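First comes the structure, then the notes that go with it.
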Amino acid sequence: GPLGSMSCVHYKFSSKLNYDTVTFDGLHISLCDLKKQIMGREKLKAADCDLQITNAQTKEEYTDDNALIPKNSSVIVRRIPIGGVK
């Protein structure tokens, strides 16, 4: 991504063959914001699903919305159901 005041996370969706990129400010993005950006971006149903993110590099899963993903982390985005369909 643009080196400087941009912060870019390479996130590949499980539905995608490629990594996509959220450009955010700061250094890291809280999962709540990370998911909320992506859900609106890609058109996810947040009424049915939540967005489950796993790191592709460390393999760490981001379970809570407070979990933070830095631009130095390329993560995998998995769509999971909230609490209806299971």
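Just a few scattered comments:
- Matching residues, the range 17-35, being in contact (Cβ under 8 Å) with a residue 12 or more places away in the chain, polar (S, T, N, Q) and over 12 Å from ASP65 (Cβ atoms): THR21, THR23
- Summed over the range 38-64, the residues that are assigned to a loop (DSSP other than H, G, I, E, B), closer than 17 Å to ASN18 by Cα and either of a type in the set (A, V, I, L, M) or under 11 Å from the mean Cα position of the chain (by Cα) (or both) give a count of 1.
- The C-beta contact set for the range 36-57 (first residue free of Cβ contacts under 8 Å to residues at least 24 places away in the same chain, second residue surrounded by 16 or more Cβ atoms within 10 Å (Cβ to Cβ) and of a type in the set (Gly, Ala, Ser), distance under 7 angstrom, 6+ apart or interchain) comprises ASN55/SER73; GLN57/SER73; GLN57/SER74.
- Boolean, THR21 is farther than 10 Å from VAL77 by Cα, surrounded by fewer than 17 Cβ atoms within 10 Å (Cβ to Cβ) and of a type in the set (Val, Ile, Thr): yes
We did not get these values from a lab; they are worked out from the coordinates using the rules stated. A quick note on method: Cβ atoms are made from the backbone with ideal geometry, for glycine too, and the neighbour counts reach across all protein chains shown.
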